[PDB]
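See below for structure.cif, which holds mmCIF, N, CA and C atoms and all ligand atoms; chains and numbers go by the auth columns.
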```cif
data_run
loop_
_atom_site.group_PDB
_atom_site.id
_atom_site.type_symbol
_atom_site.label_atom_id
_atom_site.label_comp_id
_atom_site.label_asym_id
_atom_site.label_seq_id
_atom_site.Cartn_x
_atom_site.Cartn_y
_atom_site.Cartn_z
_atom_site.B_iso_or_equiv
_atom_site.auth_seq_id
_atom_site.auth_asym_id
ATOM 1 N N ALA A 1 9.440 14.190 2.753 0.00 2 U
ATOM 2 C CA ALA A 1 8.481 13.123 2.371 0.00 2 U
ATOM 3 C C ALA A 1 7.208 13.195 3.209 0.00 2 U
ATOM 4 N N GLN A 2 6.069 12.906 2.586 0.00 3 U
ATOM 5 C CA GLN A 2 4.825 12.816 3.331 0.00 3 U
ATOM 6 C C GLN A 2 4.476 11.364 3.613 0.00 3 U
ATOM 7 N N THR A 3 3.850 11.140 4.757 0.00 4 U
ATOM 8 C CA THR A 3 3.468 9.776 5.187 0.00 4 U
ATOM 9 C C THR A 3 1.993 9.548 4.878 0.00 4 U
ATOM 10 N N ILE A 4 1.723 8.466 4.149 0.00 5 U
ATOM 11 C CA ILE A 4 0.360 8.097 3.805 0.00 5 U
ATOM 12 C C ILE A 4 0.103 6.708 4.370 0.00 5 U
ATOM 13 N N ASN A 5 -0.954 6.591 5.154 0.00 6 U
ATOM 14 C CA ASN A 5 -1.360 5.308 5.715 0.00 6 U
ATOM 15 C C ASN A 5 -2.561 4.749 4.975 0.00 6 U
ATOM 16 N N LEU A 6 -2.508 3.463 4.655 0.00 7 U
ATOM 17 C CA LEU A 6 -3.602 2.810 3.925 0.00 7 U
ATOM 18 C C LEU A 6 -4.131 1.613 4.680 0.00 7 U
ATOM 19 N N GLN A 7 -5.462 1.457 4.765 0.00 8 U
ATOM 20 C CA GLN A 7 -6.040 0.132 5.158 0.00 8 U
ATOM 21 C C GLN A 7 -6.043 -0.784 3.935 0.00 8 U
ATOM 22 N N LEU A 8 -5.705 -2.058 4.142 0.00 9 U
ATOM 23 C CA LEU A 8 -5.660 -3.030 3.056 0.00 9 U
ATOM 24 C C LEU A 8 -6.618 -4.164 3.295 0.00 9 U
ATOM 25 N N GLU A 9 -7.338 -4.539 2.245 0.00 10 U
ATOM 26 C CA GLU A 9 -8.244 -5.695 2.334 0.00 10 U
ATOM 27 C C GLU A 9 -7.859 -6.686 1.264 0.00 10 U
ATOM 28 N N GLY A 10 -8.070 -7.963 1.542 0.00 11 U
ATOM 29 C CA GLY A 10 -7.804 -9.000 0.570 0.00 11 U
ATOM 30 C C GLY A 10 -6.500 -9.739 0.799 0.00 11 U
ATOM 31 N N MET A 11 -5.744 -9.393 1.845 0.00 12 U
ATOM 32 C CA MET A 11 -4.507 -10.157 2.118 0.00 12 U
ATOM 33 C C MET A 11 -4.785 -11.478 2.825 0.00 12 U
ATOM 34 N N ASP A 12 -4.178 -12.540 2.303 0.00 13 U
ATOM 35 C CA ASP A 12 -4.358 -13.891 2.809 0.00 13 U
ATOM 36 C C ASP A 12 -3.081 -14.457 3.423 0.00 13 U
ATOM 37 N N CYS A 13 -1.928 -13.935 3.012 0.00 14 U
ATOM 38 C CA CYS A 13 -0.645 -14.573 3.377 0.00 14 U
ATOM 39 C C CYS A 13 0.456 -13.503 3.322 0.00 14 U
ATOM 40 N N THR A 14 1.630 -13.801 3.864 0.00 15 U
ATOM 41 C CA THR A 14 2.690 -12.781 3.865 0.00 15 U
ATOM 42 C C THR A 14 3.153 -12.378 2.453 0.00 15 U
ATOM 43 N N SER A 15 2.945 -13.250 1.472 0.00 16 U
ATOM 44 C CA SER A 15 3.279 -12.916 0.076 0.00 16 U
ATOM 45 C C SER A 15 2.282 -11.918 -0.520 0.00 16 U
ATOM 46 N N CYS A 16 1.075 -11.801 0.061 0.00 17 U
ATOM 47 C CA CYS A 16 0.185 -10.718 -0.332 0.00 17 U
ATOM 48 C C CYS A 16 0.786 -9.391 0.110 0.00 17 U
ATOM 49 N N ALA A 17 1.393 -9.360 1.295 0.00 18 U
ATOM 50 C CA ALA A 17 2.046 -8.152 1.774 0.00 18 U
ATOM 51 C C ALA A 17 3.211 -7.714 0.873 0.00 18 U
ATOM 52 N N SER A 18 4.065 -8.648 0.440 0.00 19 U
ATOM 53 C CA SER A 18 5.170 -8.255 -0.427 0.00 19 U
ATOM 54 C C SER A 18 4.671 -7.860 -1.813 0.00 19 U
ATOM 55 N N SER A 19 3.579 -8.477 -2.286 0.00 20 U
ATOM 56 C CA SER A 19 2.972 -8.081 -3.569 0.00 20 U
ATOM 57 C C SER A 19 2.459 -6.648 -3.500 0.00 20 U
ATOM 58 N N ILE A 20 1.762 -6.298 -2.411 0.00 21 U
ATOM 59 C CA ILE A 20 1.285 -4.926 -2.244 0.00 21 U
ATOM 60 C C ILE A 20 2.473 -3.978 -2.111 0.00 21 U
ATOM 61 N N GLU A 21 3.507 -4.346 -1.355 0.00 22 U
ATOM 62 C CA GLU A 21 4.690 -3.490 -1.259 0.00 22 U
ATOM 63 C C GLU A 21 5.311 -3.231 -2.618 0.00 22 U
ATOM 64 N N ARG A 22 5.445 -4.270 -3.445 0.00 23 U
ATOM 65 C CA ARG A 22 6.068 -4.151 -4.776 0.00 23 U
ATOM 66 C C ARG A 22 5.187 -3.181 -5.603 0.00 23 U
ATOM 67 N N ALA A 23 3.869 -3.370 -5.529 0.00 24 U
ATOM 68 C CA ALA A 23 2.956 -2.569 -6.344 0.00 24 U
ATOM 69 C C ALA A 23 3.080 -1.071 -6.014 0.00 24 U
ATOM 70 N N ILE A 24 3.102 -0.783 -4.730 0.00 25 U
ATOM 71 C CA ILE A 24 3.245 0.607 -4.280 0.00 25 U
ATOM 72 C C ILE A 24 4.634 1.168 -4.638 0.00 25 U
ATOM 73 N N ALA A 25 5.686 0.366 -4.491 0.00 26 U
ATOM 74 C CA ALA A 25 7.055 0.856 -4.769 0.00 26 U
ATOM 75 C C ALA A 25 7.269 1.201 -6.253 0.00 26 U
ATOM 76 N N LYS A 26 6.431 0.630 -7.115 0.00 27 U
ATOM 77 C CA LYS A 26 6.465 0.916 -8.553 0.00 27 U
ATOM 78 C C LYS A 26 5.981 2.305 -8.852 0.00 27 U
ATOM 79 N N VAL A 27 5.338 2.967 -7.890 0.00 28 U
ATOM 80 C CA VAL A 27 4.874 4.336 -8.112 0.00 28 U
ATOM 81 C C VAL A 27 6.048 5.303 -7.916 0.00 28 U
ATOM 82 N N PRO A 28 6.410 6.063 -8.955 0.00 29 U
ATOM 83 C CA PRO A 28 7.482 7.055 -8.807 0.00 29 U
ATOM 84 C C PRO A 28 7.289 7.992 -7.619 0.00 29 U
ATOM 85 N N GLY A 29 8.346 8.135 -6.818 0.00 30 U
ATOM 86 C CA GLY A 29 8.307 9.015 -5.657 0.00 30 U
ATOM 87 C C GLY A 29 8.097 8.300 -4.337 0.00 30 U
ATOM 88 N N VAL A 30 7.672 7.045 -4.372 0.00 31 U
ATOM 89 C CA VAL A 30 7.632 6.253 -3.157 0.00 31 U
ATOM 90 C C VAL A 30 9.065 5.993 -2.643 0.00 31 U
ATOM 91 N N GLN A 31 9.347 6.516 -1.461 0.00 32 U
ATOM 92 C CA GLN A 31 10.681 6.381 -0.862 0.00 32 U
ATOM 93 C C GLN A 31 10.758 5.284 0.189 0.00 32 U
ATOM 94 N N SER A 32 9.602 4.822 0.648 0.00 33 U
ATOM 95 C CA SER A 32 9.547 3.653 1.497 0.00 33 U
ATOM 96 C C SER A 32 8.105 3.155 1.465 0.00 33 U
ATOM 97 N N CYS A 33 7.921 1.839 1.494 0.00 34 U
ATOM 98 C CA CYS A 33 6.619 1.243 1.701 0.00 34 U
ATOM 99 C C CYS A 33 6.828 0.042 2.561 0.00 34 U
ATOM 100 N N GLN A 34 6.127 0.017 3.672 0.00 35 U
ATOM 101 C CA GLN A 34 6.159 -1.171 4.480 0.00 35 U
ATOM 102 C C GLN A 34 4.733 -1.550 4.796 0.00 35 U
ATOM 103 N N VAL A 35 4.403 -2.767 4.426 0.00 36 U
ATOM 104 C CA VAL A 35 3.120 -3.332 4.768 0.00 36 U
ATOM 105 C C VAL A 35 3.263 -4.084 6.092 0.00 36 U
ATOM 106 N N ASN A 36 2.399 -3.728 7.032 0.00 37 U
ATOM 107 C CA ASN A 36 2.271 -4.443 8.281 0.00 37 U
ATOM 108 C C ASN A 36 1.223 -5.502 8.025 0.00 37 U
ATOM 109 N N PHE A 37 1.685 -6.755 7.945 0.00 38 U
ATOM 110 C CA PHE A 37 0.818 -7.867 7.567 0.00 38 U
ATOM 111 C C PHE A 37 -0.292 -8.103 8.594 0.00 38 U
ATOM 112 N N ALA A 38 0.078 -8.134 9.865 0.00 39 U
ATOM 113 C CA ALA A 38 -0.899 -8.375 10.914 0.00 39 U
ATOM 114 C C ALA A 38 -1.913 -7.215 11.037 0.00 39 U
ATOM 115 N N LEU A 39 -1.462 -5.969 10.882 0.00 40 U
ATOM 116 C CA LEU A 39 -2.358 -4.814 10.989 0.00 40 U
ATOM 117 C C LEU A 39 -3.118 -4.563 9.694 0.00 40 U
ATOM 118 N N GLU A 40 -2.733 -5.245 8.627 0.00 41 U
ATOM 119 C CA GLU A 40 -3.370 -5.041 7.316 0.00 41 U
ATOM 120 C C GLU A 40 -3.396 -3.566 6.940 0.00 41 U
ATOM 121 N N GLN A 41 -2.216 -2.942 7.072 0.00 42 U
ATOM 122 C CA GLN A 41 -2.042 -1.533 6.778 0.00 42 U
ATOM 123 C C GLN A 41 -0.715 -1.337 6.073 0.00 42 U
ATOM 124 N N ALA A 42 -0.648 -0.342 5.195 0.00 43 U
ATOM 125 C CA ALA A 42 0.586 0.107 4.572 0.00 43 U
ATOM 126 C C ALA A 42 0.973 1.501 5.083 0.00 43 U
ATOM 127 N N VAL A 43 2.262 1.661 5.364 0.00 44 U
ATOM 128 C CA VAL A 43 2.838 2.954 5.676 0.00 44 U
ATOM 129 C C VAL A 43 3.760 3.327 4.519 0.00 44 U
ATOM 130 N N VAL A 44 3.410 4.413 3.843 0.00 45 U
ATOM 131 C CA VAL A 44 4.109 4.822 2.646 0.00 45 U
ATOM 132 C C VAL A 44 4.698 6.199 2.852 0.00 45 U
ATOM 133 N N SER A 45 5.991 6.329 2.550 0.00 46 U
ATOM 134 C CA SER A 45 6.651 7.638 2.512 0.00 46 U
ATOM 135 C C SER A 45 6.763 8.044 1.067 0.00 46 U
ATOM 136 N N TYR A 46 6.179 9.187 0.744 0.00 47 U
ATOM 137 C CA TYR A 46 6.016 9.618 -0.635 0.00 47 U
ATOM 138 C C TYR A 46 6.697 10.963 -0.851 0.00 47 U
ATOM 139 N N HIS A 47 7.474 11.074 -1.919 0.00 48 U
ATOM 140 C CA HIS A 47 8.246 12.302 -2.218 0.00 48 U
ATOM 141 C C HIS A 47 7.429 13.230 -3.066 0.00 48 U
ATOM 142 N N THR A 48 -1.879 13.361 -5.126 0.00 52 U
ATOM 143 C CA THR A 48 -2.895 12.899 -4.187 0.00 52 U
ATOM 144 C C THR A 48 -2.623 11.435 -3.774 0.00 52 U
ATOM 145 N N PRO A 49 -3.193 10.979 -2.632 0.00 53 U
ATOM 146 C CA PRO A 49 -2.930 9.610 -2.200 0.00 53 U
ATOM 147 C C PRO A 49 -3.617 8.577 -3.104 0.00 53 U
ATOM 148 N N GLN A 50 -4.499 9.023 -3.981 0.00 54 U
ATOM 149 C CA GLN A 50 -5.253 8.102 -4.825 0.00 54 U
ATOM 150 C C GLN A 50 -4.388 7.359 -5.823 0.00 54 U
ATOM 151 N N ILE A 51 -3.214 7.888 -6.184 0.00 55 U
ATOM 152 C CA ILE A 51 -2.326 7.125 -7.081 0.00 55 U
ATOM 153 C C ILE A 51 -1.808 5.848 -6.371 0.00 55 U
ATOM 154 N N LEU A 52 -1.665 5.931 -5.057 0.00 56 U
ATOM 155 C CA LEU A 52 -1.237 4.794 -4.268 0.00 56 U
ATOM 156 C C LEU A 52 -2.349 3.789 -4.103 0.00 56 U
ATOM 157 N N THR A 53 -3.583 4.239 -3.863 0.00 57 U
ATOM 158 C CA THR A 53 -4.661 3.270 -3.757 0.00 57 U
ATOM 159 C C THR A 53 -4.855 2.581 -5.108 0.00 57 U
ATOM 160 N N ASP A 54 -4.656 3.289 -6.211 0.00 58 U
ATOM 161 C CA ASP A 54 -4.808 2.656 -7.498 0.00 58 U
ATOM 162 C C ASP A 54 -3.731 1.618 -7.718 0.00 58 U
ATOM 163 N N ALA A 55 -2.500 1.863 -7.292 0.00 59 U
ATOM 164 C CA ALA A 55 -1.456 0.833 -7.421 0.00 59 U
ATOM 165 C C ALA A 55 -1.888 -0.468 -6.744 0.00 59 U
ATOM 166 N N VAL A 56 -2.463 -0.359 -5.552 0.00 60 U
ATOM 167 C CA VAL A 56 -2.919 -1.529 -4.843 0.00 60 U
ATOM 168 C C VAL A 56 -4.084 -2.225 -5.560 0.00 60 U
ATOM 169 N N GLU A 57 -5.078 -1.438 -5.965 0.00 61 U
ATOM 170 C CA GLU A 57 -6.222 -1.965 -6.704 0.00 61 U
ATOM 171 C C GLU A 57 -5.800 -2.674 -7.985 0.00 61 U
ATOM 172 N N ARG A 58 -4.887 -2.067 -8.735 0.00 62 U
ATOM 173 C CA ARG A 58 -4.390 -2.705 -9.974 0.00 62 U
ATOM 174 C C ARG A 58 -3.677 -4.037 -9.676 0.00 62 U
ATOM 175 N N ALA A 59 -3.090 -4.164 -8.480 0.00 63 U
ATOM 176 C CA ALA A 59 -2.413 -5.412 -8.105 0.00 63 U
ATOM 177 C C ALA A 59 -3.373 -6.483 -7.593 0.00 63 U
ATOM 178 N N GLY A 60 -4.648 -6.122 -7.422 0.00 64 U
ATOM 179 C CA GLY A 60 -5.708 -7.062 -7.033 0.00 64 U
ATOM 180 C C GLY A 60 -6.201 -7.000 -5.596 0.00 64 U
ATOM 181 N N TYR A 61 -5.846 -5.943 -4.865 0.00 65 U
ATOM 182 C CA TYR A 61 -6.240 -5.789 -3.459 0.00 65 U
ATOM 183 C C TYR A 61 -6.960 -4.467 -3.261 0.00 65 U
ATOM 184 N N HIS A 62 -7.702 -4.331 -2.186 0.00 66 U
ATOM 185 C CA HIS A 62 -8.427 -3.097 -1.929 0.00 66 U
ATOM 186 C C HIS A 62 -7.664 -2.235 -0.957 0.00 66 U
ATOM 187 N N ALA A 63 -7.585 -0.930 -1.228 0.00 67 U
ATOM 188 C CA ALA A 63 -6.938 0.003 -0.315 0.00 67 U
ATOM 189 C C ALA A 63 -7.843 1.159 -0.073 0.00 67 U
ATOM 190 N N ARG A 64 -7.663 1.769 1.092 0.00 68 U
ATOM 191 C CA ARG A 64 -8.405 2.961 1.504 0.00 68 U
ATOM 192 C C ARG A 64 -7.458 3.870 2.295 0.00 68 U
ATOM 193 N N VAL A 65 -7.440 5.148 1.955 0.00 69 U
ATOM 194 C CA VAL A 65 -6.603 6.101 2.662 0.00 69 U
ATOM 195 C C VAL A 65 -7.176 6.346 4.060 0.00 69 U
ATOM 196 N N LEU A 66 -6.286 6.345 4.994 0.00 70 U
ATOM 197 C CA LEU A 66 -6.669 6.518 6.388 0.00 70 U
ATOM 198 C C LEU A 66 -6.337 7.944 6.863 0.00 70 U
HETATM 199 MG MG MG B . -12.293 -1.636 5.137 0.00 1 Q
HETATM 200 ZN ZN ZN B . -0.909 -14.216 -0.504 0.00 2 Q
#
```
Spit out the file's structure as structure tokens when you get a sec.
Amino acid sequence: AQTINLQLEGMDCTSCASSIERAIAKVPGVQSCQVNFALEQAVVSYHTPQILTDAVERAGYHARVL
């Protein structure tokens, strides 16, 4: 698995973190996604990174590959 780190913008509450996690986990091949709420970052283990940023954008939040 490859590790992809994302900066996240637009999170207001811990339920924004679980929403972003759900959105990313819906992408086939994601083997783990954990959003660090305080760091406003996602750590994704994936089996291009732009499919992951699009999952976040489609869920209503901004992501950027780090
Ligand atoms: Mg930014
Ligand atoms: Zn929220």
| field | Polymer residues at most 9 Å from (-4.2, -15.1, 7.2) by only C-alpha atoms, as a PyMOL selection string | value | chain U and resi 12-15+38-39
| remark: For ligand ZN 2 (chain Q), the closest of U:63, U:70, U:34, U:28 counting only C-alpha atoms and all ligand atoms is U:63
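Nearest to residue 47 in chain U of all the residues U:17, U:62, U:3, U:9 is U:3, counting only C-alpha atoms.
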Which residues in chain U does DSSP call strand (DSSP E)? List them as a PDB file with N, CA and C atoms, in the coordinates of the input.
```
ATOM      1  N   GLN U   3       6.069  12.906   2.586  1.00  0.00           N
ATOM      2  CA  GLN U   3       4.825  12.816   3.331  1.00  0.00           C
ATOM      3  C   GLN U   3       4.476  11.364   3.613  1.00  0.00           C
ATOM      4  N   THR U   4       3.850  11.140   4.757  1.00  0.00           N
ATOM      5  CA  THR U   4       3.468   9.776   5.187  1.00  0.00           C
ATOM      6  C   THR U   4       1.993   9.548   4.878  1.00  0.00           C
ATOM      7  N   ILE U   5       1.723   8.466   4.149  1.00  0.00           N
ATOM      8  CA  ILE U   5       0.360   8.097   3.805  1.00  0.00           C
ATOM      9  C   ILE U   5       0.103   6.708   4.370  1.00  0.00           C
ATOM     10  N   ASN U   6      -0.954   6.591   5.154  1.00  0.00           N
ATOM     11  CA  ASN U   6      -1.360   5.308   5.715  1.00  0.00           C
ATOM     12  C   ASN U   6      -2.561   4.749   4.975  1.00  0.00           C
ATOM     13  N   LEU U   7      -2.508   3.463   4.655  1.00  0.00           N
ATOM     14  CA  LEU U   7      -3.602   2.810   3.925  1.00  0.00           C
ATOM     15  C   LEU U   7      -4.131   1.613   4.680  1.00  0.00           C
ATOM     16  N   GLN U   8      -5.462   1.457   4.765  1.00  0.00           N
ATOM     17  CA  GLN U   8      -6.040   0.132   5.158  1.00  0.00           C
ATOM     18  C   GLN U   8      -6.043  -0.784   3.935  1.00  0.00           C
ATOM     19  N   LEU U   9      -5.705  -2.058   4.142  1.00  0.00           N
ATOM     20  CA  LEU U   9      -5.660  -3.030   3.056  1.00  0.00           C
ATOM     21  C   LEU U   9      -6.618  -4.164   3.295  1.00  0.00           C
ATOM     22  N   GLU U  10      -7.338  -4.539   2.245  1.00  0.00           N
ATOM     23  CA  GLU U  10      -8.244  -5.695   2.334  1.00  0.00           C
ATOM     24  C   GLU U  10      -7.859  -6.686   1.264  1.00  0.00           C
ATOM     25  N   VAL U  31       7.672   7.045  -4.372  1.00  0.00           N
ATOM     26  CA  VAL U  31       7.632   6.253  -3.157  1.00  0.00           C
ATOM     27  C   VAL U  31       9.065   5.993  -2.643  1.00  0.00           C
ATOM     28  N   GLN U  32       9.347   6.516  -1.461  1.00  0.00           N
ATOM     29  CA  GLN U  32      10.681   6.381  -0.862  1.00  0.00           C
ATOM     30  C   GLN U  32      10.758   5.284   0.189  1.00  0.00           C
ATOM     31  N   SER U  33       9.602   4.822   0.648  1.00  0.00           N
ATOM     32  CA  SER U  33       9.547   3.653   1.497  1.00  0.00           C
ATOM     33  C   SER U  33       8.105   3.155   1.465  1.00  0.00           C
ATOM     34  N   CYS U  34       7.921   1.839   1.494  1.00  0.00           N
ATOM     35  CA  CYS U  34       6.619   1.243   1.701  1.00  0.00           C
ATOM     36  C   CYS U  34       6.828   0.042   2.561  1.00  0.00           C
ATOM     37  N   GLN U  35       6.127   0.017   3.672  1.00  0.00           N
ATOM     38  CA  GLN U  35       6.159  -1.171   4.480  1.00  0.00           C
ATOM     39  C   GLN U  35       4.733  -1.550   4.796  1.00  0.00           C
ATOM     40  N   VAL U  36       4.403  -2.767   4.426  1.00  0.00           N
ATOM     41  CA  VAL U  36       3.120  -3.332   4.768  1.00  0.00           C
ATOM     42  C   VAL U  36       3.263  -4.084   6.092  1.00  0.00           C
ATOM     43  N   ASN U  37       2.399  -3.728   7.032  1.00  0.00           N
ATOM     44  CA  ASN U  37       2.271  -4.443   8.281  1.00  0.00           C
ATOM     45  C   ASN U  37       1.223  -5.502   8.025  1.00  0.00           C
ATOM     46  N   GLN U  42      -2.216  -2.942   7.072  1.00  0.00           N
ATOM     47  CA  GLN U  42      -2.042  -1.533   6.778  1.00  0.00           C
ATOM     48  C   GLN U  42      -0.715  -1.337   6.073  1.00  0.00           C
ATOM     49  N   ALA U  43      -0.648  -0.342   5.195  1.00  0.00           N
ATOM     50  CA  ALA U  43       0.586   0.107   4.572  1.00  0.00           C
ATOM     51  C   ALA U  43       0.973   1.501   5.083  1.00  0.00           C
ATOM     52  N   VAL U  44       2.262   1.661   5.364  1.00  0.00           N
ATOM     53  CA  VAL U  44       2.838   2.954   5.676  1.00  0.00           C
ATOM     54  C   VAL U  44       3.760   3.327   4.519  1.00  0.00           C
ATOM     55  N   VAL U  45       3.410   4.413   3.843  1.00  0.00           N
ATOM     56  CA  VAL U  45       4.109   4.822   2.646  1.00  0.00           C
ATOM     57  C   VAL U  45       4.698   6.199   2.852  1.00  0.00           C
ATOM     58  N   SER U  46       5.991   6.329   2.550  1.00  0.00           N
ATOM     59  CA  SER U  46       6.651   7.638   2.512  1.00  0.00           C
ATOM     60  C   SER U  46       6.763   8.044   1.067  1.00  0.00           C
ATOM     61  N   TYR U  47       6.179   9.187   0.744  1.00  0.00           N
ATOM     62  CA  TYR U  47       6.016   9.618  -0.635  1.00  0.00           C
ATOM     63  C   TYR U  47       6.697  10.963  -0.851  1.00  0.00           C
ATOM     64  N   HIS U  66      -7.702  -4.331  -2.186  1.00  0.00           N
ATOM     65  CA  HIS U  66      -8.427  -3.097  -1.929  1.00  0.00           C
ATOM     66  C   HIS U  66      -7.664  -2.235  -0.957  1.00  0.00           C
ATOM     67  N   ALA U  67      -7.585  -0.930  -1.228  1.00  0.00           N
ATOM     68  CA  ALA U  67      -6.938   0.003  -0.315  1.00  0.00           C
ATOM     69  C   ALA U  67      -7.843   1.159  -0.073  1.00  0.00           C
ATOM     70  N   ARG U  68      -7.663   1.769   1.092  1.00  0.00           N
ATOM     71  CA  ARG U  68      -8.405   2.961   1.504  1.00  0.00           C
ATOM     72  C   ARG U  68      -7.458   3.870   2.295  1.00  0.00           C
ATOM     73  N   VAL U  69      -7.440   5.148   1.955  1.00  0.00           N
ATOM     74  CA  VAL U  69      -6.603   6.101   2.662  1.00  0.00           C
ATOM     75  C   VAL U  69      -7.176   6.346   4.060  1.00  0.00           C
TER      76      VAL U  69
END
```
| field | Best match for closeness to ligand MG 1 (chain Q) among U:23, U:61, U:33, U:10, counting only N, CA and C atoms and all ligand atoms | value |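 Answer, going by the shortest atom-to-atom distance: U:10.
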| query | Skipping near chain neighbours, those fewer than 6 positions away, what residues fall within 8 Å of residue 6 in chain U using only N, CA and C atoms, listed as a list in words? | reply | residues 42, 43, 44, 45, 46, 68, 69 and 70 of chain U
| message | Under the PyMOL selection byres (((chain U and resi 56 and name CA) around 9) and not hetatm and name CA), which residues of this model are included? Write them out as a ChimeraX atom specification. | response | /U:5,7,24-25,28,45,52-55,57-61,67,69
| query | Please, which residues of chain U, numbered as in this document, come out alpha helix (DSSP H) from DSSP, as a ChimeraX atom specification? | reply | /U:15-26,54-62
| query | Taking into account only C-alpha atoms and all ligand atoms, which residue in the set U:40, U:21, U:26, U:2 is nearest to ligand ZN 2 (chain Q)? | reply |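 Ranking U:40, U:21, U:26, U:2 by distance to ligand ZN 2 (chain Q), first place goes to U:21.
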| In Å, how far is it from atom N of residue 16 in chain U to atom C of residue 4 in chain U? |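 Straight-line distance from atom N of residue 16 in chain U to atom C of residue 4 in chain U works out to 23.1 Å.
Straight-line separation from CA of residue 29 in chain U to atom MG of ligand MG 1 (chain Q): 25.7 Å.
Distances to ligand MG 1 (chain Q) were evaluated for U:66, U:20, U:48, U:36 using only N, CA and C atoms and all ligand atoms, and the minimum falls at U:66.
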| task | Could you check how far atom N of residue 37 in chain U sits from atom C of residue 22 in chain U, in Å to one decimal? | result | 10.1 Å
